[PDB]
Structures are given as C-alpha cells and as structure tokens.
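Student: Those protein sequences? They're chains A, B, C, D and E, same order as listed. So for the first sequence, UniProt numbering puts the first residue at 1; every next one is plus one. So for the second sequence, UniProt numbering puts the first residue at 18; every next one is plus one. So for the third sequence, UniProt numbering puts the first residue at 26; every next one is plus one. Using UniProt numbering, the letters of the fourth sequence correspond one by one to residues 14 to 59, 78 to 221, 224 to 342. Using UniProt numbering, the letters of the fifth sequence correspond one by one to residues 99 to 157, 163 to 196.
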Amino acid sequence: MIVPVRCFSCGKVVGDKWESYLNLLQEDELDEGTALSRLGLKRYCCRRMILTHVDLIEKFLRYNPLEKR
Amino acid sequence: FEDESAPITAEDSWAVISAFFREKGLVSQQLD
Amino acid sequence: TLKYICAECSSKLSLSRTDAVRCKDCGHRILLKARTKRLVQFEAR
Amino acid sequence: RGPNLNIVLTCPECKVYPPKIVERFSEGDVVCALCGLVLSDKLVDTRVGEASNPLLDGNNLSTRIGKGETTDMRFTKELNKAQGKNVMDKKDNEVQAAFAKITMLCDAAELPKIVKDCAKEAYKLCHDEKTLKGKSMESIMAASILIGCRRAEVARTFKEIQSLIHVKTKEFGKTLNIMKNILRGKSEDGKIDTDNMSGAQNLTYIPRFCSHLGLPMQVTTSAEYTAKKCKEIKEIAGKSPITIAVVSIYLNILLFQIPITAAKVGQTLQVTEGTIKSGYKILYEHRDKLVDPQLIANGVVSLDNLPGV
Amino acid sequence: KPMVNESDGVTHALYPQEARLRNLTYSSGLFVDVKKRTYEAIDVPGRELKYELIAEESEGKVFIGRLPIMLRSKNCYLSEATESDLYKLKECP
Ligand SMILES: [Zn+2]
Ligand SMILES: [Zn+2]
Ligand SMILES: [Zn+2]
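Encoded structure:
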C-alpha cells in the first residue's frame, strides 16, 4: 500500500527513494531503468522493490475521513 | 501513421482490444 | 458518556440507552463507535 | 403439587452451599471452582428438529401432506380431504385463519415483522373471551393491529388503519377500549404498557407526515420541536394530535419557504384547510415560543419569514 | 429509484453502501397505471347482449412490489456518478 522501508532480500533502505523515483520519471524525462540506477539501486533485488511497487495509498486518501477533528 | 490505407500489424490489434473494453467492459453481459 | 460518530457527516454524538440510533444533524442511521481514549501498546516486530 | 425431579450439582468434598461452579464448555466438564473435583462429565451442547414459537401458536404439532419425488394425485387429494375432516384441529384453525388474514393485512401496508408478531399475540391473548363475542372480526383485527403498532413505537392513526380495514369508528373505539382492559386484566394476573402506550404520542407521527410531503430532515426536526413546545398553550393542547402535528408542520413549511400550498398539504394528509388556517391563527400568536432558539440564533430561519395576518 | 421504507414509514433514497451495512435489499418500487371499467346491459331473455359503458371509467398508480436493482445499471444511482462522485459515496471506482 505504501513504499516498503527496507528491501526484502538484503535490507537496504528503499523507503526514502519513492519520491525521488517519481520525480526522475516526471521531471527528468528518464526511463525507469536509468532512474533506478541513478538512485543507487544496483542489485536487482532492490530494483524490483521500487520498480514493481503499487501506491494504493493514493486511492485510499480519496475517501473522506471517517472521523474528522 | 503515414498512409490511411496501409495494412496493420499484429501490434495494432491491441489498440482495437483496448477500444473494445473501453466501450463494453468485463461485466457488460450482466448489465446489458 | 459514550460518544458516537455519524457515518455520513462525521458529527460526534452522545447517545444513551433510551436515545434513538440516528444522527440529529443530517439524519443518517449509521453510527461508528468512537476510538477508545486508552493507550494501546504495540510491538514493532 | 408434583414430584421434585430436580438435579442440583454440589461438591461432596467442599459441601459449601451454594457452590461455585464453572462450566468448561471446551473440555466438556463441570468442575468445582474450589477443589477442582469434576462433578459431571460428557455434557452436551445447548436438520432433525424444528423450532416453533409457543407464544403465537402454543402447543400445536401438525404436519402437512404434499407431493414427493413420486406420488399420485389420487392419494394426495384424498389424504388432504381426510386431514380437513378433523374436529380437534377445527377450533385452532379459526385462530390460525385469523393469523393468516392479519399477516396479509399487515403485509399489504408495509409494516415491520415486529408489528404483525405483536398483533398476532394480541389477538390470541384477547381471543376466546366472553366480552369479545358481539363484535365484527374486522374490528378485532384492526384493534389488534393498532395495539401492535403502538407496542413497536410506530403507532399509526385511526384513519390510517381505517383505510385498509373498514370498520366504523364507534365499533373501533369500543373494541380498542375493551382490548386494552383485557390486557390490563391479564397483566395483573401475572408488562403491557409504557410511556408509548399513551394515546397522543404526537412525536411519532411527525417523521412520517413530513416524509409524505418530501420535506428535508432539517424541517422535520424544527417541526418536532414546535410540536413538543406546542403543548404549553392551553388553546391548542386540547386539540387533536393530528391537527397539532399538521399545523405545526404547516408553520415550519412557511418558515423555510417551501413552495407547497395548504391546498395540497390538507389534500395529502386529509385535513380541512380551514382547520389548518384556523389553528394557524391561534398558533401564530405564540410563534416566538414555537421556534427553536438554536435555529434562529444560527440564522438559518428568521421569525420575519413567517407571513402575518 | 432505489429506496427503502423504514419501520416508522419514512421512505428515503437508498445507496449501495448503506444497504450493505444495514442488511437491506437494494431495490426500487414498481408502479402501474390501472383503469377500472364497468359495463352493464339489459339482458332480455334468449338474446345476445350488447354491453355498454355505464359512465364509470376510473383512471391512479398502484404499487405492485419491489424489484431488486443490479448495481451499475441504468436504474442504479452509480450509473450517473463520476469517479469523484463514487469516492463521495464510499464506492470503489
Ligand atoms: Zn536489495
Ligand atoms: Zn450525520
Ligand atoms: Zn469442591
């Protein structure tokens, strides 16, 4: 639902690169392959962590809050 | 593309499929 | 005592055993029990 | 007046009476909570059986005859014919027939299952009594339905019941009073009524009346406050609750400026327009006390929006 | 349109989310126009009759039951709802 904090296989921290990855795709006009390498994700265990992630949090945030303060 | 009468390839068939599901969907028979 | 929340207008209500189950503001008939105010412990594993 | 035939579980060793007993459903054991001695083993839980309610039908076990995977119509017809020619079941069939008609009447008005259950129960309790022998069956069914609706806090009006069941008001009123007396008599013998049993209970009518007119829920709440405070005026307190509710609704209709004329409000609710306007004059002099303070304070409704004569 | 009548007799529009939570049936009402005509004639013995309209032809809407409505159908509330509208109604696009 949200970007994992650590790579499942080797434990590298990948939860602080989601926004950078999206920025590279949008503003830098880079393909997903080049963006992953620029972020320092070399082992393919880490690449699939960011490459195949589905951000379902955005869909959930569209619903109005159940309890508003 | 270049000519409006050139034959299509097998890759262009997926565009037709995409149009089909945009109009019908996956549960068209139930609703229809 | 108990504070309830409407499921359509998010209005916090207070209902008793005699009060009818319904929102007094918008008229909805679905109410969500409010989150407990007691702290809950969780393990980060 | 009969054999005891009662089993009480007590621990022989502890001898404390009454004993602390814990029923371990998972382990199927009954054990003394003090010494741990097991008092009984192999306890059973608490298809092949049918569940029936012995409050509307009492004790009456019967089985129907119908076609199976293979059957000839000759046997089914004659077997059904033989079953009908029974003297013991005839007495109860009249009560059962009454329940069937009550269910049809209740189901034709779109009422909850609780009402028909209450209505059927009321009929059974008041049936087979000497007092109810000269009254038409239609009056009895209508009175039971009205009682059933009252017990469910969804009480209807006399006119609403008279729309489906046709019985003149004189018999309707007399039957209802007799029926209420019967319930009171059997309530002391062994409850039946509460604050809802009160005849007026005008607050219950407002939600349905406004719904028929299609007004928003905000108007309904204002009318409820107006009707509740409407009982402080002696000149209106003695009026019929229907008129009190309708006139209160009419005051709120004009307060919020809904484009619905009195000619249709009285046509839909079957209330004379003159009565609505006649009651408005009495209700117009106490407008300041008949408007919710919070609604006026917020600014949604102002007392200057109500036309004055 | 889909609707539900409560115990007190108040009827309001019913949406799929409420029906699921309240264990209610998502259905609409059916109404039919009914015309009631009555004919009478003088039945002279041993002759065929000629029935004639006797100036009594009543002609109102009669409720005949509720029809369950399939979701995302022409009669459902979600057919005319956009993606934002579905989110407001707590429905998954
Ligand atoms: Zn890795
Ligand atoms: Zn609400
Ligand atoms: Zn013991």
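Ideal Cβ positions, reconstructed from N, Cα and C, are used throughout, including at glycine.
(1) Would residue 26 of chain C be called buried (16 or more neighbouring beta carbons within 10 Å of its own) or exposed?
(2) In the structure shown, what three-state DSSP assignment does residue 101 of chain E receive?
(3) Can you name, in chain order, every residue of its own chain whose Cβ lies under 7 angstroms from the Cβ of residue 111 of chain D, other than the five neighbours on each side?
(4) So the candidates are D/162, D/318, D/163, D/277; which of them puts its Cα closest to the Cα of residue 342 of chain D?
(5) To the nearest angstrom, report how far apart residue 270 of chain D and residue 177 of chain E are at their CA atoms.
(6) Pick out the complete alpha helix (DSSP H) segments inside the segment 261-320 of chain D, 4 residues or longer, and give them in chain order.
(7) Relative to the alpha-carbon of residue 243 of chain D, which residue among D/315, D/311, D/298 has its alpha-carbon at the smallest distance?
(8) Check each residue's C-beta against every heavy atom of ligand 2 and list, in chain order, those closer than 6 angstroms.
(9) Under 8 angstroms between beta-carbons, which chain C residues line up against residue 65 of chain A? List them in chain order, please.
(10) Quick one: list the residues of chain G neighbouring residue 47 of chain B, beta-carbon separation under 8 angstroms, in chain order.
(11) Express the C-alpha separation of residue 115 of chain E and residue 189 of chain E in angstroms, rounding to a whole number.
(12) Drop a sphere of 10 angstroms on the beta-carbon of residue 21 of chain A, count the other beta-carbons inside from all chains shown, and report buried for 16 or more, exposed for fewer.
(13) Is there a Cβ of chain A sitting closer than 8 angstroms to that of residue 190 of chain E, yes or no?
(14) Output needed for residue 10 of chain A: all residues of its chain with C-beta closer than 8 angstroms, excluding positions within five of it in sequence on either side, in chain order.
(15) Using CA atoms only, rank isn't needed, just tell me which of D/332, D/41, D/195, D/152 is closest to residue 179 of chain D.
(16) Could you round the C-beta distance between residue 336 of chain D and residue 259 of chain D to whole angstroms and report it? I think they count as a contact, below 8 angstroms.
(17) Span of the beta strand (DSSP E) holding residue 197 of chain D?
(18) Is any non-hydrogen atom of ligand 3 found closer than 7 angstroms to the C-beta of residue 22 of chain D, if you look at the structure I gave you?
(19) Compare the C-beta of residue 150 of chain D with all C-beta atoms of chain E and state if any pair is closer than 8 angstroms.
(20) Between residue 179 of chain E and ligand 1, is there a pair consisting of the residue's CB and a ligand heavy atom that are separated by less than 7 angstroms?
(21) Could you check if residue 182 of chain D is buried or exposed, using at least 16 other CB atoms within 10 Å of its CB as the buried criterion?
(22) What span of residues does the alpha helix (DSSP H) with residue 45 of chain B cover, start to end?
(23) So if I threshold CB-CB distances at 9 angstroms, which residues from the segment 35-56 of chain C count as touching chain E?
(24) What are the partner residues of residue 129 of chain E, as DSSP defines its beta bridges?
(25) Along chain C, which residues have their Cβ under 9 angstroms away from the Cβ of residue 120 of chain E?
(26) Could you please tell me which residues of the segment 37-65 of chain A, in chain order, have their CB closer than 9 angstroms to any CB of chain E?
(27) Does the segment 24-37 of chain B touch the segment 51-61 of chain A, meaning 3 or more C-beta pairs lie closer than 8 angstroms?
(28) For chain C, find out if any of its Cβ atoms is closer than 8 angstroms to the Cβ of residue 349 of chain D; answer yes or no.
(29) Is residue 44 of chain D close to chain E, meaning its C-beta is less than 8 angstroms from at least one C-beta of that chain?
(30) Leaving out the 5 sequence neighbours to the left and right, which residues in its chain are closer than 6 angstroms to residue 134 of chain D when beta-carbon positions are compared?
(31) Which of the three DSSP states is assigned to residue 37 of chain D in this structure?
(32) Tell me where the beta strand (DSSP E) around residue 52 of chain D begins and ends.
(33) What residue range is occupied by the uninterrupted beta strand (DSSP E) comprising residue 57 of chain C?
(34) Residues of chain E with CB closer than 8 angstroms to the CB of residue 183 of chain D, please, in chain order.
(35) Which residues of chain C have a Cβ atom closer than 7 angstroms to the Cβ of residue 116 of chain E, listed in chain order?
Tutor: Taking the definition as stated:
(1) exposed
(2) strand
(3) 96
(4) D/318
(5) 50 angstroms
(6) 267-270, 274-288, 295-302, 306-317
(7) D/298
(8) C/31, C/33, C/34, C/36, C/48, C/50, C/51, C/53
(9) 35
(10) Going by chain labels, chain G is absent from the structure shown, which instead holds the protein chains A, B, C, D and E.
(11) 11 angstroms
(12) buried
(13) yes
(14) 43, 45, 46
(15) D/152
(16) Actually they are not in contact, since the Cβ atoms of residue 336 of chain D and residue 259 of chain D sit about 13 angstroms apart, beyond 8 angstroms.
(17) Segment: none, residue 197 of chain D is in no beta strand (DSSP E) and carries neither H nor E.
(18) no
(19) no
(20) no
(21) buried
(22) 45-48
(23) 52, 53, 54, 55
(24) E/166
(25) 54, 55
(26) 59, 62, 63, 64
(27) no
(28) Missing from the structure shown is residue 349 of chain D; chain D here goes from 14 to 342 and no further.
(29) no
(30) 147
(31) strand
(32) 51-54
(33) 56-58
(34) 105
(35) 55
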